[PDB]
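Enquirer: Contents of structure36.txt (compact mmCIF, C-alpha atoms) are given next:
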```txt
# COMPACT_ATOMS: atom_id res chain seq x y z
CA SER A 1 190.36 111.54 -88.49
CA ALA A 2 192.81 114.44 -88.51
CA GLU A 3 190.55 116.53 -90.78
CA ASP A 4 187.25 115.35 -89.26
CA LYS A 5 188.13 117.29 -86.11
CA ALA A 6 187.55 120.42 -88.19
CA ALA A 7 184.24 118.89 -89.28
CA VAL A 8 183.28 118.51 -85.61
CA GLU A 9 184.36 122.13 -85.12
CA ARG A 10 181.98 123.21 -87.90
CA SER A 11 179.23 121.10 -86.34
CA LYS A 12 179.74 122.69 -82.92
CA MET A 13 179.77 126.22 -84.36
CA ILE A 14 176.58 125.51 -86.31
CA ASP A 15 174.97 124.03 -83.19
CA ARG A 16 175.93 127.13 -81.20
CA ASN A 17 174.40 129.42 -83.83
CA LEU A 18 171.34 127.16 -83.94
CA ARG A 19 170.83 127.39 -80.18
CA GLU A 20 171.32 131.17 -80.06
CA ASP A 21 168.87 131.78 -82.91
CA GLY A 22 166.42 129.28 -81.42
CA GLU A 23 166.42 130.97 -78.03
CA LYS A 24 166.11 134.36 -79.75
CA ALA A 25 163.02 133.12 -81.61
CA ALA A 26 161.55 131.45 -78.52
CA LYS A 27 162.03 134.79 -76.78
CA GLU A 28 159.51 136.40 -79.16
CA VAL A 29 155.73 135.99 -79.27
CA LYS A 30 153.88 134.66 -82.32
CA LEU A 31 150.40 136.05 -83.06
CA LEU A 32 148.05 134.61 -85.66
CA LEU A 33 145.80 136.98 -87.61
CA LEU A 34 142.64 135.71 -89.28
CA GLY A 35 139.10 136.70 -90.13
CA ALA A 36 136.55 137.13 -92.88
CA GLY A 37 137.31 139.07 -96.03
CA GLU A 38 137.03 142.85 -95.53
CA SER A 39 136.84 142.26 -91.76
CA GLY A 40 138.93 145.43 -91.40
CA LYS A 41 142.13 143.53 -90.62
CA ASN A 42 143.98 146.09 -92.77
CA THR A 43 143.24 148.93 -90.34
CA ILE A 44 144.21 146.78 -87.35
CA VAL A 45 147.48 145.62 -88.91
CA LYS A 46 148.23 149.20 -89.93
CA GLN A 47 147.77 150.40 -86.35
CA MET A 48 150.13 147.80 -84.86
CA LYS A 49 152.71 148.29 -87.63
CA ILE A 50 152.65 152.06 -87.08
CA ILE A 51 153.53 151.30 -83.45
CA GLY A 52 151.53 134.22 -99.28
CA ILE A 53 151.81 134.60 -95.53
CA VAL A 54 152.42 138.24 -94.63
CA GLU A 55 154.70 138.56 -91.61
CA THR A 56 154.67 141.90 -89.80
CA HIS A 57 157.13 142.82 -87.04
CA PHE A 58 156.39 145.32 -84.29
CA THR A 59 157.62 146.07 -80.78
CA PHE A 60 155.64 147.48 -77.77
CA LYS A 61 158.00 147.81 -74.69
CA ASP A 62 160.30 144.92 -75.69
CA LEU A 63 158.60 141.50 -75.95
CA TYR A 64 159.07 141.82 -79.72
CA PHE A 65 156.00 140.69 -81.69
CA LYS A 66 155.86 138.79 -84.97
CA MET A 67 152.40 138.88 -86.56
CA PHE A 68 151.27 136.49 -89.32
CA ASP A 69 148.57 137.65 -91.75
CA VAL A 70 146.97 134.53 -93.20
CA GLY A 71 143.89 135.78 -95.08
CA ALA A 72 145.94 135.57 -98.29
CA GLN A 73 145.48 131.75 -98.50
CA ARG A 74 142.47 130.58 -100.50
CA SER A 75 143.07 126.88 -99.88
CA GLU A 76 142.22 123.97 -97.58
CA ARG A 77 142.38 125.37 -94.06
CA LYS A 78 142.16 121.86 -92.56
CA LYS A 79 145.58 120.75 -93.82
CA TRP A 80 147.19 124.18 -93.32
CA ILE A 81 146.09 125.16 -89.79
CA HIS A 82 147.91 122.17 -88.31
CA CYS A 83 150.77 124.66 -88.30
CA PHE A 84 150.70 127.74 -86.02
CA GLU A 85 150.11 125.40 -83.07
CA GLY A 86 152.68 127.29 -80.99
CA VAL A 87 151.16 130.76 -81.26
CA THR A 88 150.49 132.45 -77.92
CA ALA A 89 147.72 134.60 -79.46
CA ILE A 90 145.16 134.26 -82.26
CA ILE A 91 144.00 137.76 -83.25
CA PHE A 92 140.51 137.25 -84.71
CA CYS A 93 139.20 140.34 -86.53
CA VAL A 94 135.49 140.56 -87.37
CA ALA A 95 133.64 143.69 -88.51
CA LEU A 96 130.34 144.31 -86.72
CA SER A 97 129.10 146.03 -89.89
CA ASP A 98 128.92 142.53 -91.42
CA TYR A 99 125.57 141.90 -89.69
CA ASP A 100 123.76 143.98 -92.33
CA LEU A 101 125.45 142.44 -95.39
CA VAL A 102 123.74 139.52 -97.13
CA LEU A 103 126.55 138.10 -99.26
CA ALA A 104 130.24 137.44 -99.83
CA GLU A 105 129.98 135.46 -103.09
CA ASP A 106 128.47 132.74 -100.85
CA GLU A 107 124.81 132.02 -101.69
CA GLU A 108 123.46 134.95 -99.62
CA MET A 109 125.10 133.66 -96.45
CA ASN A 110 125.15 136.66 -94.11
CA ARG A 111 128.74 137.81 -93.58
CA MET A 112 128.27 137.80 -89.79
CA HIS A 113 127.13 134.17 -89.67
CA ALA A 114 129.94 133.27 -92.10
CA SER A 115 132.36 134.87 -89.64
CA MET A 116 130.82 133.04 -86.69
CA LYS A 117 131.02 129.74 -88.61
CA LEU A 118 134.71 130.37 -89.32
CA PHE A 119 135.23 131.29 -85.66
CA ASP A 120 133.55 128.04 -84.62
CA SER A 121 135.75 126.05 -86.98
CA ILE A 122 138.97 127.68 -85.79
CA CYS A 123 138.37 128.14 -82.04
CA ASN A 124 137.26 124.57 -81.35
CA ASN A 125 139.79 122.93 -83.67
CA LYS A 126 141.65 120.37 -81.60
CA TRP A 127 145.04 121.75 -82.66
CA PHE A 128 144.28 124.90 -80.64
CA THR A 129 143.58 124.13 -76.98
CA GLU A 130 146.03 126.36 -75.08
CA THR A 131 146.22 129.14 -77.68
CA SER A 132 144.09 132.11 -76.69
CA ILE A 133 141.86 134.11 -79.04
CA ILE A 134 141.92 137.92 -79.02
CA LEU A 135 138.62 139.08 -80.51
CA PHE A 136 138.61 142.45 -82.31
CA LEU A 137 135.01 143.57 -82.85
CA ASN A 138 136.22 146.04 -85.46
CA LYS A 139 134.40 149.06 -86.95
CA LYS A 140 132.46 149.84 -83.78
CA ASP A 141 131.65 153.28 -85.24
CA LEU A 142 130.09 151.96 -88.45
CA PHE A 143 128.08 149.47 -86.39
CA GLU A 144 126.87 152.30 -84.13
CA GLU A 145 125.87 154.21 -87.28
CA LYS A 146 124.04 151.22 -88.81
CA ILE A 147 122.24 149.88 -85.72
CA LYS A 148 120.40 153.20 -85.29
CA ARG A 149 118.08 152.18 -88.12
CA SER A 150 118.49 148.55 -89.22
CA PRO A 151 117.54 146.08 -86.48
CA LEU A 152 119.96 143.37 -85.42
CA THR A 153 116.98 140.98 -85.70
CA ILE A 154 117.85 140.77 -89.42
CA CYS A 155 120.97 138.89 -88.27
CA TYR A 156 119.93 137.38 -84.89
CA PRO A 157 116.17 136.67 -84.99
CA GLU A 158 116.06 135.86 -81.26
CA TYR A 159 117.41 139.27 -80.21
CA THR A 160 114.86 141.30 -78.24
CA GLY A 161 116.87 144.32 -77.09
CA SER A 162 116.06 147.91 -77.95
CA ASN A 163 118.68 148.06 -80.78
CA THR A 164 120.65 150.50 -78.60
CA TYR A 165 124.36 150.30 -79.39
CA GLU A 166 125.53 148.91 -76.04
CA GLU A 167 122.75 146.29 -75.82
CA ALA A 168 123.61 145.21 -79.39
CA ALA A 169 127.39 145.04 -79.19
CA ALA A 170 127.18 143.35 -75.78
CA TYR A 171 124.95 140.75 -77.43
CA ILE A 172 127.43 140.19 -80.25
CA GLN A 173 130.26 139.81 -77.72
CA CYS A 174 128.15 137.47 -75.57
CA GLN A 175 127.29 135.36 -78.61
CA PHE A 176 130.86 135.12 -79.89
CA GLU A 177 132.15 134.23 -76.42
CA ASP A 178 129.38 131.66 -75.93
CA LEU A 179 130.33 130.19 -79.30
CA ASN A 180 133.53 129.01 -77.56
CA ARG A 181 132.60 125.66 -76.04
CA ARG A 182 135.91 124.73 -74.35
CA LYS A 183 135.76 127.79 -72.10
CA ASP A 184 137.31 125.80 -69.24
CA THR A 185 140.74 126.12 -70.87
CA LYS A 186 140.44 128.78 -73.59
CA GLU A 187 140.01 132.52 -73.05
CA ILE A 188 138.42 135.11 -75.35
CA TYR A 189 139.75 138.67 -74.98
CA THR A 190 136.98 140.61 -76.71
CA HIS A 191 137.78 144.24 -77.52
CA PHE A 192 136.07 147.00 -79.51
CA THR A 193 138.17 148.88 -82.05
CA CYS A 194 137.71 151.36 -84.88
CA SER A 195 139.77 153.38 -87.37
CA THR A 196 141.37 155.61 -84.74
CA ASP A 197 144.33 155.62 -82.38
CA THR A 198 142.85 153.20 -79.85
CA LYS A 199 144.73 151.18 -77.23
CA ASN A 200 144.42 148.12 -79.49
CA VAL A 201 148.20 147.71 -79.51
CA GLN A 202 148.27 148.28 -75.75
CA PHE A 203 145.36 145.84 -75.43
CA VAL A 204 147.15 143.20 -77.51
CA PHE A 205 150.24 143.72 -75.36
CA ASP A 206 148.22 143.26 -72.17
CA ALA A 207 146.32 140.19 -73.37
CA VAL A 208 149.50 138.56 -74.69
CA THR A 209 151.27 139.29 -71.39
CA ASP A 210 148.40 137.76 -69.42
CA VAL A 211 148.30 134.67 -71.65
CA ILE A 212 152.08 134.27 -71.29
CA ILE A 213 151.81 134.45 -67.51
CA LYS A 214 148.89 131.99 -67.56
CA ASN A 215 150.96 129.58 -69.67
CA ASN A 216 153.95 129.83 -67.35
CA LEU A 217 151.79 129.30 -64.27
CA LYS A 218 150.54 126.16 -66.00
CA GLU A 219 154.15 125.12 -66.60
CA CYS A 220 154.83 125.01 -62.85
CA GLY A 221 151.33 123.92 -61.88
CA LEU A 222 150.70 127.12 -59.93
CA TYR A 223 147.44 127.71 -61.78
CA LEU B 1 148.76 118.40 -38.76
CA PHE B 2 145.37 120.02 -39.43
CA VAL B 3 146.79 122.19 -42.21
CA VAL B 4 148.67 119.20 -43.64
CA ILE B 5 145.51 117.09 -43.78
CA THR B 6 143.57 120.02 -45.25
CA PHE B 7 146.01 120.39 -48.13
CA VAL B 8 146.27 116.60 -48.51
CA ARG B 9 142.51 116.20 -48.91
CA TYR B 10 142.07 119.48 -50.85
CA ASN B 11 145.22 118.96 -52.99
CA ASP B 12 143.47 120.12 -56.19
CA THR B 13 141.59 123.37 -55.50
CA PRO B 14 143.08 126.47 -57.14
CA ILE B 15 144.13 128.02 -53.82
CA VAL B 16 146.36 125.06 -52.94
CA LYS B 17 147.62 125.47 -56.50
CA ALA B 18 148.36 129.12 -55.69
CA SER B 19 150.14 127.91 -52.53
CA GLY B 20 152.73 126.15 -54.72
CA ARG B 21 151.86 122.65 -53.45
CA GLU B 22 154.79 120.53 -52.37
CA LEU B 23 157.10 123.48 -51.71
CA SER B 24 154.42 124.56 -49.24
CA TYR B 25 154.33 121.05 -47.83
CA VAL B 26 158.10 121.36 -47.29
CA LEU B 27 157.56 124.67 -45.50
CA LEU B 28 154.83 123.22 -43.29
CA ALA B 29 156.88 120.12 -42.43
CA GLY B 30 159.66 122.54 -41.51
CA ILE B 31 157.25 124.27 -39.14
CA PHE B 32 156.34 120.84 -37.73
CA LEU B 33 160.02 120.10 -37.08
CA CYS B 34 160.57 123.54 -35.54
CA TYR B 35 157.70 122.72 -33.19
CA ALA B 36 159.05 119.28 -32.29
CA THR B 37 162.28 121.04 -31.30
CA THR B 38 160.38 122.24 -28.22
CA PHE B 39 159.31 118.69 -27.32
CA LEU B 40 162.96 117.69 -27.70
CA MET B 41 164.35 120.49 -25.53
CA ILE B 42 162.35 119.80 -22.35
CA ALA B 43 163.56 116.19 -22.26
CA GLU B 44 166.52 115.08 -20.18
CA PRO B 45 169.80 116.31 -21.72
CA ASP B 46 171.28 112.78 -21.87
CA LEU B 47 173.67 112.38 -24.82
CA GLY B 48 171.60 111.97 -27.98
CA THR B 49 169.14 114.70 -26.99
CA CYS B 50 171.87 117.35 -26.72
CA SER B 51 173.13 116.33 -30.17
CA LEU B 52 169.65 116.52 -31.71
```
Would you mind writing the file out in structure tokens?
Expert:
Amino acid sequence: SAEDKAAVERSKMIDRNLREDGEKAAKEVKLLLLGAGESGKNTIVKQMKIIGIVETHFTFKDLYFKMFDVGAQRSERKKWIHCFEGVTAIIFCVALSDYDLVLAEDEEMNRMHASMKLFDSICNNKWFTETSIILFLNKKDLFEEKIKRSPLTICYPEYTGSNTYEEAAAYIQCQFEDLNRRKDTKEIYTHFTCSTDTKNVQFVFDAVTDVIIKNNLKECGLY
Amino acid sequence: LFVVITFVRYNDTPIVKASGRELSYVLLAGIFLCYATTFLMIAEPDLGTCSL
């Protein structure tokens, strides 16, 4: 085995490179991105980037982020979403302007209820138990402009508030967060964003940091 | 002993989680031993007592 010693040398070098790259990747945080069509995920992804699967890389005070845009896949989500089980954040983008819109090529299913149904299917999927959902109620401005005339009762017939913006968006947040059944373990970080220089990158950074610390305190049984 | 039996019977509430559990039990047993040092000192010097 005079030559096979060099083979073992190659194996050890490859193992060393494997371990270094693996620790480098496990250093980084993986964030899913999903939502209805035209949910305004383009504006959100543009804001974080300024600061098949579409992978987008950004940094916010180290803790280098890799973001995975999945909307591109028109296929069976059941056999695909068994991946991404190790993501420490699931950025869900939904546009509040969807409440007024009757259709998305889907038999006059209201786009808001279609988004809630997708949220129900993805949040309570038994693959994702420790992964936390970051909820971007996007286009808060266009919602504020629409709610002034068209009552949310067209979307949520049991709503009895005065259609004032705060009492409407608080209801949408309450409903989306109550749609999460396994609230004992999961956390929903609801935030309101629009097409402007918000803290949405800072808010993602803070929510991801908190989820990381929560995960580590579970690792040692401190939490 | 009271604090020990409080953690032992409340070994699952999030504040005993925050206390780190068994590392805190090690600390509190250390306090117990540091207390028993006093009981050991007042005894007759003898031979074993001075060693302990």
Enquirer: Determine, using all atoms listed in the file, which residues of chain A have any atom at most 10 Å from an atom of chain B, and tabulate each with its shortest atom pair and distance in Å to one decimal place, rows ordered by chain and then rising number, as CSV.
Expert:
```
residue,atom,partner,partner_atom,distance
A:217,CA,B:18,CA,9.2
A:218,CA,B:17,CA,10.0
A:220,CA,B:20,CA,8.5
A:221,CA,B:17,CA,6.7
A:222,CA,B:17,CA,4.9
A:223,CA,B:17,CA,5.7
```
Enquirer: One decimal, Å: what's the distance from atom CA of residue A:152 over to atom CA of residue A:116, could you say?
Expert: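 Value for the atom CA of residue A:152-atom CA of residue A:116 distance: 15.0 Å.
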Enquirer: So how many Å separate atom CA of residue A:136 and atom CA of residue A:93, to one decimal?
Expert: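 If I compute the distance from atom CA of residue A:136 to atom CA of residue A:93, I get 4.8 Å.
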Enquirer: Determine, counting only C-alpha atoms, which protein, DNA and RNA residues have an atom within 12 Å of an atom of stretch 35-42 of chain B; residues of the same chain fewer than 5 positions away are not included. Present the result as a ChimeraX atom specification.
Expert: /B:1,28-30,48-52
Enquirer: Work out how far atom CA of residue A:189 is from atom CA of residue A:103, in Å to one decimal.
Expert: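 The value is 27.6 Å.
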Enquirer: Hey, could you pull the box centre and edge lengths for stretch 184-200 of chain A, axis-aligned, 3 Å padding per side, all listed atoms, to one decimal in Å, as AutoDock Vina command-line options?
Expert:
```
--center_x 140.4 --center_y 140.7 --center_z -78.3 --size_x 14.7 --size_y 35.8 --size_z 24.1
```
Enquirer: Using only C-alpha atoms, which of the listed residues (A:28, A:187, A:206, A:15) sits closest to residue A:90?
Expert: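 When distances to residue A:90 are compared using only C-alpha atoms, the smallest one comes from A:187.
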Enquirer: If we count all atoms listed in the file and set the cut-off at 8 Å, which residues sit around stretch 42-50 of chain A, ignoring sequence neighbours fewer than 3 positions away in its own chain? Please answer as number ranges by chain.
Expert: A: 56-58, 195, 197, 200-201
Enquirer: My list of candidates is B:45, B:2, B:12, B:7. Which is closest to residue B:24 when distances are computed with all atoms listed in the file?
Expert: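 Using all atoms listed in the file, residue B:24 sits closest to B:7.
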Enquirer: Using only C-alpha atoms, which of the listed residues (A:25, A:13, A:101, A:170) sits closest to residue A:154?
Expert: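 Smallest distance to residue A:154 is found for A:101.
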Enquirer: With distances taken over all atoms listed in the file, which residue among A:129, A:150, A:196, A:59 lies nearest residue A:183?
Expert: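 Nearest to residue A:183: A:129.
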Enquirer: Could you get me a file of stretch 20-51 of chain B with C-alpha atoms, as an mmCIF file, in the first residue's frame, taken from the block above?
Expert:
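Writing done, so here's selection-v4.cif:
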```cif
data_model
loop_
_atom_site.group_PDB
_atom_site.id
_atom_site.type_symbol
_atom_site.label_atom_id
_atom_site.label_comp_id
_atom_site.auth_asym_id
_atom_site.auth_seq_id
_atom_site.Cartn_x
_atom_site.Cartn_y
_atom_site.Cartn_z
ATOM 1 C CA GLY B 20 -29.497 26.295 34.771
ATOM 2 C CA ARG B 21 -30.742 23.247 36.720
ATOM 3 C CA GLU B 22 -28.083 20.811 37.814
ATOM 4 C CA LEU B 23 -25.239 23.344 37.684
ATOM 5 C CA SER B 24 -27.331 25.267 40.217
ATOM 6 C CA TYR B 25 -27.796 22.081 42.218
ATOM 7 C CA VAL B 26 -23.990 21.764 42.256
ATOM 8 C CA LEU B 27 -23.715 25.352 43.491
ATOM 9 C CA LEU B 28 -26.304 24.782 46.220
ATOM 10 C CA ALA B 29 -24.687 21.524 47.371
ATOM 11 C CA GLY B 30 -21.447 23.496 47.526
ATOM 12 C CA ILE B 31 -23.177 25.984 49.817
ATOM 13 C CA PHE B 32 -24.421 23.038 51.899
ATOM 14 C CA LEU B 33 -20.857 21.726 52.249
ATOM 15 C CA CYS B 34 -19.538 25.198 53.087
ATOM 16 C CA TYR B 35 -22.141 25.294 55.860
ATOM 17 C CA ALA B 36 -21.260 21.838 57.186
ATOM 18 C CA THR B 37 -17.679 23.099 57.476
ATOM 19 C CA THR B 38 -18.893 25.079 60.505
ATOM 20 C CA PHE B 39 -20.390 21.973 62.123
ATOM 21 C CA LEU B 40 -17.054 20.261 61.509
ATOM 22 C CA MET B 41 -14.920 23.054 62.980
ATOM 23 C CA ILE B 42 -16.532 23.238 66.436
ATOM 24 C CA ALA B 43 -15.935 19.523 67.024
ATOM 25 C CA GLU B 44 -12.929 18.210 68.914
ATOM 26 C CA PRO B 45 -9.744 18.563 66.820
ATOM 27 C CA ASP B 46 -8.902 14.836 67.119
ATOM 28 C CA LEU B 47 -7.062 13.553 64.034
ATOM 29 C CA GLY B 48 -9.601 13.066 61.247
ATOM 30 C CA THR B 49 -11.406 16.322 62.020
ATOM 31 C CA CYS B 50 -8.271 18.422 61.510
ATOM 32 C CA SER B 51 -7.699 16.683 58.172
#
```
